[PDB]
Asks: 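Once you've had a glance at the structure underneath, I'll fire off some questions.
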Amino acid sequence: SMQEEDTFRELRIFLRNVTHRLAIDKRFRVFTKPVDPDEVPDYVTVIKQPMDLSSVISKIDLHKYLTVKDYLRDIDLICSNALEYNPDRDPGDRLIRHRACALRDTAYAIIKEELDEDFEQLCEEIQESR
Ligand SMILES: COc1cc(Br)ccc1CC(=O)O
Ligand SMILES: COc1cc(Br)ccc1CC(=O)O
Ligand SMILES: [Cl-]
């Protein structure tokens, strides 16, 4: 239906706003772009599913997210990718891990306060019946 179309547009709008709010945050600057295979060539080998805020945007835009659940699954990636790739004791790694996982926590905290549960549930049911 159109109803259902209006639901997904709303989701897309909501997800864009959340994503923008992470993107304008100085802490998260490094997550706004994919990793350049210059600086880091061994990345694209170790990290199977690269993920970042600009990709998240592309995916919103290409109607690739039908639920917030799916969105968060990508946000989880950004954190767990950093855990995986930058595991060392050194401060360069500790900082990246810290920033990536605060991104995750900020995303979750925003959604926990601003996402209507019934809206999520609706997206889930529409998606399930497709
Ligand atoms: C600096 O603004 C952004 C940067 C990235 Br990466 C994604 C999204 C936005 C804003 C928007 O999509 O509304
Ligand atoms: C971040 O936690 C959630 C994530 C999703 Br998806 C749906 C609901 C919640 C808790 C809430 O929205 O009350
Ligand atoms: Cl820095």
Side-chain angles (χ1 to χ4, degrees):
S1 42
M2 182 77 285
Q3 302 88 56
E4 300 192 337
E5 277 333 299
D6 285 13
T7 292
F8 292 135
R9 188 149 177 275
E10 183 165 343
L11 170 67
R12 290 197 298 281
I13 290 155
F14 173 73
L15 292 189
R16 268 194 210 94
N17 167 262
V18 168
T19 305
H20 176 264
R21 279 146 70 192
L22 301 178
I24 58 181
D25 181 326
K26 264 130 214 196
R27 288 184 289 182
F28 304 147
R29 175 158 168 92
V30 67
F31 302 110
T32 62
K33 271 288 166 278
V35 195
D36 203 309
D38 299 10
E39 273 68 48
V40 201
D42 79 272
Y43 189 73
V44 69
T45 93
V46 166
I47 283 321
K48 290 319 143 31
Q49 212 173 346
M51 194 36 71
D52 74 282
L53 290 203
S54 58
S55 301
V56 165
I57 289 293
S58 285
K59 292 183 57 176
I60 292 165
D61 282 355
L62 291 166
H63 302 200
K64 288 262 194 186
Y65 297 123
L66 297 200
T67 72
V68 179
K69 208 143 174 285
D70 289 342
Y71 172 87
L72 287 181
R73 196 176 323 281
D74 277 1
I75 295 290
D76 287 351
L77 263 188
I78 301 184
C79 160
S80 80
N81 275 358
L83 296 198
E84 178 181 320
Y85 187 67
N86 309 262
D88 293 353
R89 73 93 26 209
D90 62 276
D93 277 13
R94 282 200 40 123
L95 184 61
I96 302 174
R97 285 200 303 277
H98 187 272
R99 279 178 173 173
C101 303
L103 176 90
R104 173 177 169 195
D105 290 335
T106 305
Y108 277 72
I110 289 171
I111 280 154
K112 186 205 168 50
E113 307 180 71
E114 294 179 30
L115 171 67
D116 192 303
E117 286 194 342
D118 297 323
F119 176 95
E120 180 52 13
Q121 182 58 46
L122 175 56
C123 291
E124 268 165 34
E125 283 172 12
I126 305 182
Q127 159 179 78
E128 166 62 283
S129 92
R130 282 197 170 170

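Both ligands and their constituent atoms are indexed starting at 1 by order of listing. Starting from 1, each residue takes its place in the sequence as its number.
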Asks: Would a 4.0 Å cut-off, counted as strictly less than, catch a protein heavy atom around atom 1 (C) of ligand 2?
Replies: yes
Asks: Taking only heavy atoms of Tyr108, which atoms of ligand 2 are found under 4.0 Å from at least one of them?
Replies: 1 (C)
Asks: Taking atom CZ of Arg9 as the centre, report whether more than 12 heavy atoms of other residues, nucleotides or ligands fall under 6.0 Å from it.
Replies: no
Asks: Using atom types as modelled and distance alone, determine if a side-chain donor or acceptor of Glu120 lies under 3.5 Å from a backbone N or O of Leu115.
Replies: no
Asks: Other residues, nucleotides and ligands only: do more than 12 of their heavy atoms fall within 6.0 Å of CZ on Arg94?
Replies: no
Asks: Looking only at protein heavy atoms, identify the closest one to atom 11 (C) of ligand 2 and say how far it is in Å.
Replies: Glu117 OE2, 3.6 Å
Asks: Whether the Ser55 and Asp52 side chains hold a donor-acceptor pair (N or O, under 3.5 Å, no angle test) is what I'd like checked.
Replies: yes
Asks: Does atom CD (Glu128) have a neighbourhood of more than 12 heavy atoms from anything else shown, all under 6.0 Å?
Replies: no
Asks: Would you say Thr7's side chain and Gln3's backbone share a donor-acceptor pair under 3.5 angstrom?
Replies: yes
Asks: Just to be sure I'm reading this right: ignoring hydrogens, which of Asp52, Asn17, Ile60, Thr32 gets closest to atom 6 (Br) of ligand 1? Compare them by their nearest heavy atoms.
Replies: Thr32
Asks: Considering only protein heavy atoms, which is closest to atom 3 (C) of ligand 2, and at what distance to one decimal place?
Replies: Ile111 CG2, 4.5 Å
Asks: So, does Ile57 sit close enough to ligand 1 that a heavy atom of it is under 4.0 Å from the ligand?
Replies: yes
Asks: Please state which protein non-hydrogen atom is closest to atom 7 (C) of ligand 2 and give its distance, to 0.1 Å?
Replies: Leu115 CD2, 3.9 Å
Asks: Starting from atom 9 (C) of ligand 1, find the nearest protein heavy-atom neighbour and note its residue, name and distance.
Replies: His20 CD2, 3.6 Å
Asks: Out of all atoms in ligand 1, which are within 4.0 Å of some heavy atom of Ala23? Include the element for each.
Replies: 4 (C), 5 (C)
Asks: Could you check if a side-chain atom of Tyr85 sits within less than 4.5 angstrom of a side-chain atom of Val35, using non-hydrogen atoms only?
Replies: no
